[PDB]
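Scroll down for the structure; my scribbles are underneath it.
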Amino acid sequence: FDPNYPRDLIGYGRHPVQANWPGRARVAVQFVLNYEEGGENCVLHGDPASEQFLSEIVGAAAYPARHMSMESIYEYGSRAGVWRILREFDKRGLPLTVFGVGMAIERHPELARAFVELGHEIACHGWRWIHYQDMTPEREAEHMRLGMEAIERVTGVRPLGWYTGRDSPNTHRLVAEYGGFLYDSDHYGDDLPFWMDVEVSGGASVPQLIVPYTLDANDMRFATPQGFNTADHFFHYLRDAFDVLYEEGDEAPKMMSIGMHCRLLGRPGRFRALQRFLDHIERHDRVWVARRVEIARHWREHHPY
Amino acid sequence: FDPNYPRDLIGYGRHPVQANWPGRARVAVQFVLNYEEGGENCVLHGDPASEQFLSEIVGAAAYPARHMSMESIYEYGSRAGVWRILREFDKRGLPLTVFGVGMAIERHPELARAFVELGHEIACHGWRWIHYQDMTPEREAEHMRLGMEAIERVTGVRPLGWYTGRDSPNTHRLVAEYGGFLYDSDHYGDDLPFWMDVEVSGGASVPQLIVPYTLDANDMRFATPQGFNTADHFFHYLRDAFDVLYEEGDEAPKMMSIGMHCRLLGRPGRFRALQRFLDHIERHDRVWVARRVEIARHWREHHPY
Amino acid sequence: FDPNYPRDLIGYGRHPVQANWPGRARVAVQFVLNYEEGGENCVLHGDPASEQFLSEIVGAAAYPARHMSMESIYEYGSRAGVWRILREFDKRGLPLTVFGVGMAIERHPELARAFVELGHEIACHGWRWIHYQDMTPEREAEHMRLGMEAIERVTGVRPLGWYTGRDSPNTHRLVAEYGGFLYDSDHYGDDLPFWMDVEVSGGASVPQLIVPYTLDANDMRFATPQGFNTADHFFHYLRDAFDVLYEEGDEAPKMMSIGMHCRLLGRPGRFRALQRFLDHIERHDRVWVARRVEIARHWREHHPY
Amino acid sequence: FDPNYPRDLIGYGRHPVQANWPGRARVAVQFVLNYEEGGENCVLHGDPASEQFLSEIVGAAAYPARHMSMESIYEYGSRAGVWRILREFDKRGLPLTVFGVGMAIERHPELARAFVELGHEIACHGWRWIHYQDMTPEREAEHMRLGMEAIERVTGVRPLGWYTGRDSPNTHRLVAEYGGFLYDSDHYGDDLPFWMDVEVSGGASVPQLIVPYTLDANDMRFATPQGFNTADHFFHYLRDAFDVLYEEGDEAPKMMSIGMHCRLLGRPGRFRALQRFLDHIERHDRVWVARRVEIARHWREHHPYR
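Residue numbers (PDB author numbering), protein chains in the order written: chain D, 3 to 307; chain A, 3 to 307; chain B, 3 to 307; chain C, 3 to 308.
Below, the structure is given as structure tokens:
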């Protein structure tokens, strides 16, 4: 049936490959710090309208003007929220991967360099934090270029991972064509990395490593209609996810992503969720807390194409 | 008043019939595993646009294009979530009924045969998982035929139950005209099976056994605006539902359905809900955990038309 | 400022009147059982489209046809949910008031008679359960006549209370012009009854006794965007509201309404909320559990215009 | 990059200034009682349509007519909810700042005077409680004048604080140009006050003290789609927010705002969240429960414009 169908619904099937994580880890835990603030929709950036998504104003209108509430909500993340998250990771000696938006990174260079100073990975989260669904591949390719160049120029580091989020039908192709990415995270389809065959211009295909991310174990759900009400909701969700995976780790260890946003989890009332979750996983043996790039390198070494 | 009114508001009235479940069960528990992944709206399938319903992106837009995030969200169900659910049932030696979308069944034939190998019932959930409200009866009838043929072709099993979900005003009639269905579950109107007089072409009626399903005791509510935040919310709902029914079962035993979706309850952070509920009901005497078709056979034997 | 302004923002001000409830009650608790099922938007009733409001499908579209899922969701209330609620009150020997839709009462006359048999009050909740905001007063007045007459024909009771819910700017005047009501509950503005001056024809005002109702302490919030997720959310809300009122009762006793819908609270998973709340208030001295009409008669005797 | 960019994404950076609150407070807690009821959208007030926002009917339509449910939900706040909140603060001997809507204040003058007699601050929350995003700055400046004048005529107090809420791209400039304000709270960008350079006419900027407010530690979230289901949700969110800040207060004390609405938190079912939170903060040493004007005066004295 439908031999040419361009989606893999089967994956590993019933019995996934043995991850063989370092330290016989039962689960690999991968915290993602999104840094988008300064790169979002804003007429100041030449966008037609103000930002609507992932704010304290759930269901916000877009205006062909500056929306000040929305701007200072985003400014919280870069002014305050980010530092609160970074302090907590530093105090615990734990790494994370920053999904850095290029324009955001240029607007706050001292913070961007603090990320590198703290030893965190920076992956490229696009030049702009905007919806790419309808953008032509020529323009999207231009932004990819601007995004990587911005990050490298400011931090001295060349990202090795890509994640747009609100991507287009072309983004996987554009990542493969640009090349040099050890992983692409625009995928919610599994609990382990795997390889995708990405069709490129000409119709032929090229292997790309996918390191799947998450939209459910993600503080973005504080700003969506179905959405954690309190720190303890997000904490219990993470805790439960971790417990399920950790118990599976005797048979077939998996990975877990945790999605974080400066302007969201950085709020003091939500931040307790991170503290509680870290305390939880610290009680467990055989947990690898890894940079995303470390999981990609591990996969490429142990589970080559 | 309104003698010809074609809805039964009254049902069993204040005193329902005695279920007389096997083993003098106080309640019959019927777990449903929806399998829709591969059958949803997608331009690959010839649909106008991408899927909007029952994902991690609540309030998602439809695009006349492939929506990648939506596709990998669905792929999660077929790749990973399904197996997590099937493992739990298997470990506990419990049966369930699959509401299998024909197209999805065809796209993952090894999994479809695994359902049968594991002893689960497969019912027909339509050829496509698309809204049928506005579809003409000619077109909807063709889909029913395609759905039934697909499932039997792949699994060797002819379904005996029908459930569309987002059905049309004609769907009951189409089930009746097709024939051979021991039960139809397009109904949220009671806590016990019952007989519906279904008007067929010509305007005469034919009895159809209804086994009612559920939109509240259903993990779909993780993806709706009013919607469980954590595993514990879904667990407590099911627990409470069961508890109320179990207490009623000293006087008038009822059934309870539980709706599950691979891409939703199969996520690790939701999955704890199922484990906690199974643990809860395991502690109770006089629980019949049944395949949907076993409940319909029971009713036909003990409560004939 | 604005001498002529026709809203009373002030009410009792800082020190309300002493309620002086029977038995020196600290709080008067008034349960409402809305009975709308069979009176909702349906093309079978000559309405343009299918019901959208207060269902298991939050955000439902309206169709110019029968919406089967919506119909059976409503049928659950008349078929099953109503009897579960009536059993609980009967078992505890407690009264409630029914807010009865005339058409729904006419479609289930045996149940309507059962409400009277069990000693509950029946108040008029309109001829139809539909939005009245945009209706002309000529048309609205006709519906009021039809609702009052339906209820009286079926049950033999002449309602002494009125509640539309989704009312119009004319409804209070219509209730005043109709005459013979002891109270109107189309108001969410206080914790005590109070008297409203309603303008009728001929430049005259007439007093109307308001007994305020509730949109927060109401199971309707299970079907609204901001929405109790579990039974315990609704119980805890009721519990808390009661506790706050009860503590105020040593200085200035108030009343509390609880809103219930057969198709919502009647579901097993929600129903625990009622049981738990009833157990809670049973532990408390000096609680008057009252028919609405009994509160109105008390007010008219002890706190006349 | 983008030298001219008119947003400060950086603020204090990684080490904020030492707040040095009175009493060596670890955290300054600032309760805000919004008073909008009687000032909201209503055809009686000359608006096109009925109110849709911050009610028990979430997702309400607007009607070019009176919407009675919406009117009585709003009247609960002025008839009942307000006195319940005020009783609680009175019993505990605690102050708050009222974000008072000019029109609402004029329609309940005894209550407005009660705010003053109870020792609370009144800040100006606009003449009208409506969306100002699309309003022209001539129109918006006229409302500012009317709001300030109404408050002052009714209560005798000249507000020293401004909060619109649903503001416009011009409101900071309108506040700067009006003069006499000690602070503006139309900002959600930090855990401490700070100074903003506000552009006025003639190519001149003037400094404006911001005392940031909150949209998350706010009972408005009982009336929004992502939104506390019970009293305990709001209490636990406030508790957690306070605990986090209180733990930071050993290195760098910050402030916390708590947003309250008469028609929301004043409901018995919600009100327990306030009581439980106050009980939590009562058990903690070194908490300054402040009027918003007191925090502004503090910053001006200890952290002058830099």
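Backbone N, C-alpha and C define an ideal beta-carbon position, used for all residues, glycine too.
Rounded straight-line distance, which links the Cα of residue j to that of residue i
| i | j | result |
| --- | --- | --- |
| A298/C | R28/C | 17 Å |
| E53/A | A254/C | 48 Å |
| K256/A | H17/A | 12 Å |
| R302/C | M258/C | 18 Å |
| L11/C | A219/C | 22 Å |
| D136/D | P171/D | 9 Å |
| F55/A | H127/A | 16 Å |
| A106/A | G251/A | 37 Å |
| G25/A | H286/B | 42 Å |
| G181/A | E284/B | 53 Å |
| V103/B | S57/D | 42 Å |
| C264/B | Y76/B | 9 Å |
| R160/A | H122/A | 13 Å |
| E296/D | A275/C | 45 Å |
| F91/A | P97/A | 7 Å |
| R130/B | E144/B | 11 Å |
| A152/C | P5/B | 16 Å |
| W85/A | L176/A | 33 Å |
| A30/A | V208/A | 27 Å |
First and last residue of the uninterrupted beta strand (DSSP E) at residue i
| i | result |
| --- | --- |
| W131/B | Looking at the DSSP string, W131/B is not in any beta strand (DSSP E), and its letter there is neither H nor E. |
| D199/D | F196 to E201 |
| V156/A | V156/A -> not in any beta strand (DSSP E); alpha helix (DSSP H) instead, spanning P139 to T157. |
| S207/A | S207 to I212 |
| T173/B | Run containing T173/B: none in the beta strand (DSSP E); it sits in the alpha helix (DSSP H), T173 to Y180. |
| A30/A | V29 to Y37 |
| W290/D | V289 to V291 |
| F101/A | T99 to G102 |
Residue i, buried or exposed, once every other Cβ within 10 Å from all chains shown has been counted against 16
| i | result |
| --- | --- |
| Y307/A | exposed |
| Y248/A | buried |
| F3/A | exposed |
| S74/B | buried |
| residue 1/A | Chain A is shown from 3 up to 307; residue 1/A falls before or after that span and cannot be answered. |
| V34/B | buried |
| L267/A | buried |
| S203/C | exposed |
| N22/C | exposed |
| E112/D | exposed |
| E38/C | buried |
| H174/A | buried |
| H235/C | buried |
Whole-number beta carbon distance between residue j and residue i, since they are thought to touch under 8 Å
| i | j | result |
| --- | --- | --- |
| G149/D | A82/A | The Cβ separation is near 30 Å, so there is no contact. |
| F224/D | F279/D | Not quite, the Cβ-Cβ distance comes to about 14 Å (not below 8 Å), so this is no contact. |
| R293/B | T99/B | 5 Å |
| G163/B | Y134/B | About 17 Å separates the two Cβ atoms, so there is no contact after all. |
| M198/D | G261/D | At roughly 21 Å, the Cβ-Cβ gap does not stay under 8 Å, so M198/D and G261/D are not in contact. |
Any non-hydrogen atom of the ligand FMN within 7 Å of residue i CB
| i | result |
| --- | --- |
| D199/C | This structure simply doesn't include the ligand FMN, nor any ligand for that matter. |
For residue i, the first and last residue of its enclosing alpha helix (DSSP H)
| i | result |
| --- | --- |
| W85/C | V84 to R94 |
| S259/A | Looking at the DSSP string, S259/A is not in any alpha helix (DSSP H); the run it does join, the beta strand (DSSP E), is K256 to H263. |
| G271/C | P270 to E284 |
| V246/B | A233 to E250 |
| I75/A | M70 to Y78 |
### Message
For the region 183-193 of chain C against the region 207-222 of chain C, do three or more pairs of beta-carbon atoms, one drawn from each stretch, fall closer than 8 Å, so that the two count as touching?
### Response
yes
### Query
Is the number of C-beta pairs between the region 238-256 of chain D and the region 260-272 of chain A that are closer than 8 Å three or more?
yes
### Query
Looking at C-beta atoms only, is the number of pairs between the region 157-172 of chain A and the region 192-202 of chain A that lie closer than 8 Å three or more?
No, they do not touch.
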